[PDB]
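Participant: Below is the structure I would like to discuss, written out as structure tokens.
None of the figures in this text is laboratory data; all of them are computed from the coordinates on show. Positions of Cβ are backbone-derived with ideal geometry, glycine not excepted, and every protein chain shown enters the neighbour counts.
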Ligand SMILES: CS(=O)(=O)c1ccc(Nc2cc(Cl)nc3ccnn23)cc1
């Protein structure tokens, strides 16, 4: 740790405090995460992430393990998608910039998923932006290393808002499709300026999903009634049209979102396929003017 001096607090993340810090030797400015005190499988798991390098994944620079505490050192970015969404509230993010962010995050997912690494906890707070019009996913692979707790070290409630229905229904093994579901939620959120499914307990989360997308049944999702927390007594809601959910998103956009929000994870579009969707035929890379 003595190689770093703490510049400021920039978050109470899932596992510990996140600091902007400076490398007292090499001068570099980095994001420094302290991990809630570690077992050997986690060290091996984290270490494999050092190799998982992509322009849309926040680079893991180092892992520091002393007095049985754990520190991850990351590439620093100045701003997350929530702040930027708040900043953009009066007009919303321009659609060309939403499309470019979606397109880059998809490339990031397609890379990690090709290597069988999933995120499991995408949310606007771990989607970080720079002044060059780039966006990057923070904390990829950490939920498998450390688990995803109900509360953070600070007792902050972990959001359910972006959690896929299979996880909420008690599936033991979930796939890369859980990441596509969350990105789809965040897509809808950029377009509407409101969270799609802002649930405030597990059953409120499912019920909000069900209200918008129809209660899932053996027709839309073969095998669902056999899932661990599925109950035959769930209220039976009818699906709404996506024209009602995400105006004024266009037809290609609504088509893409639909396939990212399929109930059956086997049927939900992959990141790779998503990148080929007609929604991206006219994609570009705008710069946001950012206030840092
Ligand atoms: C509110 S914010 O937009 O001011 C802000 C500022 C800085 C950061 N940076 C950041 C925060 C976290 Cl948690 N992890 C990492 C990793 C690389 N940068 N970084 C995030 C959000």
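Participant: Could you list 221, 181, 237 so that the one with the fewest beta carbons within 10 Å of its beta carbon is first and the one with the most is last?
Facilitator: 237, 221, 181
Participant: If R₀ is 35 angstrom, what is the calculated FRET efficiency for the pair residue 283 and residue 7, using the beta carbon separation as r and rounding to 0.05?
Facilitator: In this case the efficiency is close to 0.50.
Participant: Continuing with this model, one more query. Taking 7 Å along the Cα-to-C-beta vector as the label spot, tell me the residue 258-residue 192 distance in nanometres, rounded to one decimal.
Facilitator: With each label placed 7 Å out from Cα toward Cβ, I get 1.7 nm.
Participant: How high is the relative contact order of the range 123-209, given as a whole-number percent (alpha carbon pairs under 8 Å, six or more residues apart)?
Facilitator: Values: 76 pairs, mean separation 20.6, N = 87.
Here the relative contact order equals 24 percent.
Participant: Using packing as a proxy for protection, rank 22-32, 76-86, 102-112 so that the peptide with the highest average count of other Cβ atoms within 10 Å comes first.
Facilitator: Values: 22-32: 14.7, 76-86: 17.5, 102-112: 22.4.
Put in order of decreasing packing, that is 102-112, 76-86, 22-32.
Participant: Remind me, what semi-axes does the chain give for its equivalent ellipsoid, largest first in whole Å, using sqrt of 5 times each Cα gyration tensor eigenvalue? It would help to have the intermediate numbers written out before the result.
Facilitator: On the way: eigenvalues 205, 111, 57 Å².
In descending order the semi-axes read 32, 24, 17 Å.
Participant: Here's another thing I want to ask about it. Per the Debye formula with a single identical scatterer at each Cα and no solvent contribution, what log10 I(q)/I(0) holds for the range 1-118 at q = 0.12, 0.15 Å⁻¹?
Facilitator: -0.55, -0.83
Participant: Let me ask another. Below 8 Å, C-alpha to C-alpha, sequence gap of six or more: please give me the relative contact order for the range 79-290 in percent.
Facilitator: The value is 27 percent.
Participant: Assuming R0 = 45 Å, what is the FRET efficiency of residue 241 and residue 47, from their Cβ-Cβ distance, to the nearest 0.05?
Facilitator: 0.45
Participant: So what is the 222 nm mean residue ellipticity for the chain from helices alone, if each DSSP H run of at least 4 adds -39500 (n - 2.57) and you divide by all residues, rounding to the nearest 500 deg cm²/dmol?
Facilitator: About -9000 deg cm²/dmol.
Participant: How big is the gap, in Å, between the Cα center of the range 233-269 and the Cα center of the range 60-120?
Facilitator: Between the Cα centre of the range 233-269 and that of the range 60-120, the gap is 24 Å.
Participant: Please give the length that would be gained between residue 219 and residue 62 if that part of the chain were fully extended, namely 0.36 nm times their separation in residues minus their C-alpha to C-alpha distance (nm, one decimal). Before the final figure, lay out the partial values.
Facilitator: Numbers: separation 157, 0.36 × 157 = 56.52 nm, distance 4.75 nm.
Stretched fully, the residue 219-residue 62 segment lengthens by 51.8 nm.
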